[PDB]
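Working notes, beginning with the structure itself.
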Amino acid sequence: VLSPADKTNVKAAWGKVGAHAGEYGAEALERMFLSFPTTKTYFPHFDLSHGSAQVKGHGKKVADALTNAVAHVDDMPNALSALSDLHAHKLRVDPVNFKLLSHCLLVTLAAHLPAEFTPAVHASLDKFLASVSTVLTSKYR
Amino acid sequence: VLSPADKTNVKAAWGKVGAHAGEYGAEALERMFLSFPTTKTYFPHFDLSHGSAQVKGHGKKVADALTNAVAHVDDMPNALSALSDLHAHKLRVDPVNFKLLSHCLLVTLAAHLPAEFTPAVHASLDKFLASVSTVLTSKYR
Amino acid sequence: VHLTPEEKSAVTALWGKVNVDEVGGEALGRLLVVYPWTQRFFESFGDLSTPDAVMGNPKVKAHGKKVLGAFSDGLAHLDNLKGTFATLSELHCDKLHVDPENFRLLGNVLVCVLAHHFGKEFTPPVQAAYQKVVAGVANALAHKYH
Amino acid sequence: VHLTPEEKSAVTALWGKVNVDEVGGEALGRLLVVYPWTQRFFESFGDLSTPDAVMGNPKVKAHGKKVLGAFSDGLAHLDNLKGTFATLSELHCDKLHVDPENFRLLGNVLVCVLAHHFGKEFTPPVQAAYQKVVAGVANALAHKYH
Ligand code: HEM
Ligand code: HEM
Ligand code: HEM
Ligand code: HEM
């Protein structure tokens, strides 16, 4: 639902992430896979080791979708609707796993931007990550 | 997100519930309170015993909102937006508790309509109850 | 999972009545229909594409019956749900990597199924007792994750 | 909660560094800011209406410090998280009736707070170890519900 404040905050934090969003995504995936091993089952084909090239590759793609969402935050359903069919319709992704990854994304962002990860901004980023997740599982619901 | 099928199903099941929706709501509240005692804390003023008059009273009100949602299923955010501010903004209702009550609502509906509680319809009712719940907690998210 | 004499009275009286031939396939089918990401675990089984396919699948009604076994099992050993479920917990945790939340969801569809089947007899006090049990089992299955 | 020598190495090395004066008030404040339904449990405490109010509340930074205690406690007794948390579990379950899910959420904001504070040193392997612990504690607190 996101207030005018949360939008500003998400754009603020995003801009700051900058040309490092690719790397951030790879790292947030790596955190997930290590912290929540159950998520691994969905990636039987990847090599999930640390410097995996498929993890870097996939981290950029995750990052590119989140950037589309941000740039289109007032029309996320349209922006992301294709990816909802992918996730909620073909790969059948257990919705719990959207929580785990949003969590790891926040940890990654807190690890990288100690100046901009304030409470109000952590709140906005949570909300924005909950938003994206509601759209990616909407075929379910 | 609800398909054309789920709409038909929800309206089918609802119509069948009929002038008993008041009673169904009271019963679904009673189930919740007994099965999930943690939900009780939000109702310090009610007498939560079986034949409580405040539970019947409140069961109708719950039932009346769900009927507004159904009759307005293609515009639930507007229909329910006031109640979202109530729940997500004043009473601060832990979102987990929307799950528990949706569950008890389904149990109550299964207890009452053995002909119409088929799998496809249980699926639609789940989705519709998840929909309502996403709107009632949207101030959160 | 402690259960009072009356809760236990409410759980075992009911469970004797239960058509252990069918209910186990009702629960599993409804789980796969209502929460479709779970089909990911039974893509073998077969025609799972429509609600009708799922409910008429020999393999769904056969496995669901296995599952109700583990459930009548736990009813026996409520005093010791963990030891009872330890090899299954290994299975669902370490081999399958099923998220524990889906243990909850199954528990709850099973309770819908008992509501559907018993109607008026599945009073709120009888539902309360079954949710305790259902939470007991889910908690037991999940242990190997802890 | 089993932990390997290396996980334990990763958890205790880090935790020694931790400013137990502040982090405990960071976690609690952020919990009340990010998940506002939790303020329902601290309406006393006081000015909780804006993020700034919450973070400058003497009473928030004082209690959060109590809470980190229980956390350094569990680090001690990982072999026995339940006995350690038994009186607190009674408290949060039977007296307060806090939903166990919020035990998870606190665990996770605490991990954000350790990420914020330690930056690059809070590597993925060190986060993995802390999530095990965090899940251990939440599970311990929740026991009196089981
Ligand atoms: C924040 C939400 C997420 C976003 C932004 C997202 C986005 C994406 C994108 C951008 C793709 C590639 C799409 C394409 O090329 O067609 C992808 C594929 C996929 N995602 Fe996600 N995803 C998210 C969460 C998840 C989670 C929670 C899981 C489950 C653990 C998951 C599992 C996968 C799988 C299995 C595929 C295909 C990977 C492969 O087989 O190569 N995703 N995701
Ligand atoms: C299916 C979603 C739900 C719907 C349809 C709903 C609807 C309502 C309605 C129709 C009212 C009266 C509104 C008014 O007169 O202003 C109400 C009040 C309220 N509801 Fe809900 N509610 C839902 C779920 C919940 C849950 C999950 C809880 C938390 C356990 C909750 C706690 C309350 C409280 C505390 C109030 C005020 C009761 C009082 O103090 O008199 N509601 N609800
Ligand atoms: C609430 C608790 C549940 C119980 C009591 C339970 C019980 C069982 C039992 C009796 C078996 C047979 C094991 C054997 O043959 O010795 C089994 C197998 C299986 N379960 Fe569950 N289970 C539960 C939930 C689930 C869930 C939620 C999923 C996934 C969505 C799942 C996926 C599987 C699969 C795929 C198998 C087959 C393993 C194989 O044949 O290699 N189970 N479960
Ligand atoms: C993840 C685990 C958490 C830990 C380690 C924990 C730890 C503690 C500790 C140390 C105390 C002080 C008890 C004493 O004075 O002896 C306490 C009190 C309290 N906790 Fe927690 N707690 C946890 C989560 C939560 C959550 C999530 C909520 C609610 C949103 C909550 C609500 C309370 C309240 C209201 C008190 C005050 C009780 C009183 O003064 O009567 N706690 N907790």
Side-chain angles (χ1 to χ4, degrees), chain A residues 31-44 48 93-104 107, chain B residues 96, chain C residues 1 31 35 37-38 40-41 67 70-71 73-74 80-108 133-146, chain D residues 1-4 6-8 10-11 74-75 77-85 89 99-108 110-111 124-146:
Chain A
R31 285 170 181 270
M32 200 188 45
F33 290 148
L34 291 165
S35 304
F36 302 109
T38 215
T39 56
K40 280 200 243 159
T41 68
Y42 286 91
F43 293 83
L48 266 20
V93 171
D94 188 322
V96 79
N97 302 132
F98 283 105
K99 279 182 167 291
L100 311 170
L101 176 68
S102 293
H103 172 236
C104 295
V107 176
Chain B
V96 79
Chain C
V1 275
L31 185 88
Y35 311 103
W37 61 87
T38 53
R40 161 155 290 242
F41 291 108
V67 175
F71 229 89
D73 249 263
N80 189 13
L81 252 37
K82 299 120 140 197
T84 299
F85 283 99
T87 70
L88 277 187
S89 175
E90 242 173 84
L91 173 72
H92 286 99
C93 301
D94 328 81
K95 196 104 292 129
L96 306 217
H97 297 299
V98 157
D99 196 291
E101 175 66 8
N102 295 115
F103 294 157
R104 335 276 167 55
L105 290 174
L106 177 37
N108 286 173
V133 182
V134 132
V137 180
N139 285 28
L141 265 164
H143 158 86
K144 211 114 216 80
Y145 282 139
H146 314 351
Chain D
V1 275
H2 152 130
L3 279 210
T4 55
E6 3 235 10
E7 296 201 274
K8 212 254 218 140
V11 156
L75 281 186
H77 310 48
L78 284 157
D79 56 282
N80 189 13
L81 252 37
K82 299 120 140 197
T84 299
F85 283 99
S89 175
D99 196 291
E101 175 66 8
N102 295 115
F103 294 157
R104 335 276 167 55
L105 290 174
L106 177 37
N108 286 173
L110 196 230
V111 167
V126 178
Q127 176 194 344
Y130 264 97
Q131 303 290 169
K132 254 165 211 218
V133 182
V134 132
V137 180
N139 285 28
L141 265 164
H143 158 86
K144 211 114 216 80
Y145 282 139
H146 314 351

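Just the heavy atoms: all of them, side chains too, but no hydrogens, waters or symmetry mates, feed the values below. The chains referred to below are lettered A, B, ... by the order of the sequence lines, with proteins before strands, and numbering in each begins at 1.
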Worksheet item: If you count the non-hydrogen atoms of other residues, nucleotides and ligands that lie under 6.0 Å from NE2 in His143(D), is the total more than 12?
Response: no
Discussion item. Show me the pairs that pass salt bridge (charged side-chain N to carboxylate O under 4.0 Å, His left out) and involve residues 89-106 of chain C, at least two apart or across chains.
Written reply: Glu101(C)-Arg104(C)
Worksheet item: Would you say the side-chain atoms of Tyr130(D) pair up with the backbone N or O of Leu110(D), donor to acceptor, closer than 3.5 Å?
Response: no
Practice prompt. Heavy atoms only: give me the nearest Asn97(A)-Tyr42(A) pair and the separation to one decimal.
Written response: OD1-CE1, 3.3 Å
Discussion item. Can you give me the closest heavy-atom contact between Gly74(C) and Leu81(C), atom names plus distance?
Written reply: O-CD1, 3.7 Å
Discussion item. Rounded to the nearest 0.5 Å, what separates atom NZ in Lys8(D) from atom CG in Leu75(D)?
Written reply: 10.0 Å
Worksheet item: Out of curiosity, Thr39(A) OG1 to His97(C) NE2, how far, rounded to the nearest 0.5 Å?
Response: 10.0 Å
Discussion item. Please check: side-chain N/O of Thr84(D) versus main-chain N/O of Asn80(D), any donor-acceptor pairing under 3.5 Å?
Written reply: yes
Response to the item:
In short, salt bridge (charged side-chain N to carboxylate O under 4.0 Å, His left out) pairs touching residues 134-146 of chain D with sequence neighbours left out are none
Worksheet item: Rounded to the nearest 0.5 Å, what separation is found between the CZ atom of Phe103(C) and the OH atom of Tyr145(C)?
Response: 6.0 Å
Item to complete: Compare all side-chain heavy atoms of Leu34(A) with those of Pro125(D) and state whether any distance is below 4.5 angstrom.
Response: yes
Worksheet item: Counting only N and O atoms by type, is there a donor-acceptor contact under 3.5 Å from the side chain of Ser35(A) to the main-chain atoms of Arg31(A)?
Response: yes
Practice prompt. Return the minimal non-hydrogen interatomic distance between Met32(A) and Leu101(A), and the atom names on each side.
Written response: SD-CB, 3.7 Å
Worksheet item: Could you state the interatomic distance from CG (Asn139(C)) to NE2 (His146(C)), rounded to the nearest 0.5 Å?
Response: 6.5 Å
Worksheet item: Would a distance-only check, ignoring hydrogens and angles, find a side-chain to backbone donor-acceptor pair under 3.5 Å from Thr38(C) to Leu31(C)?
Response: yes
Practice prompt. Quick one: closest heavy-atom pair of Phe71(C) and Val134(C), and the distance?
Written response: CZ-CG2, 3.7 Å
Fill in: Between NE2 on residue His92(C) and CZ on residue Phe85(C), distance to nearest 0.5 Å
10.0 Å
Practice prompt. Answer yes or no: is there a side-chain heavy-atom contact under 4.5 Å between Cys104(A) and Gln127(D)?
Written response: yes
Worksheet entry | Residue pairs fulfilling salt bridge (charged side-chain N to carboxylate O under 4.0 Å, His left out) with at least one residue in residues 124-142 of chain D, sequence neighbours excluded | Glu7(D)-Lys132(D)
Fill in: Note, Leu106(C) side chain near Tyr35(C) side chain (heavy atom, < 4.5 Å)
no
Worksheet, complete the sentence: Closest heavy-atom pair, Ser89(D) versus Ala142(D), reported as atoms and distance to 0.1 Å, is OG-C, 4.2 Å
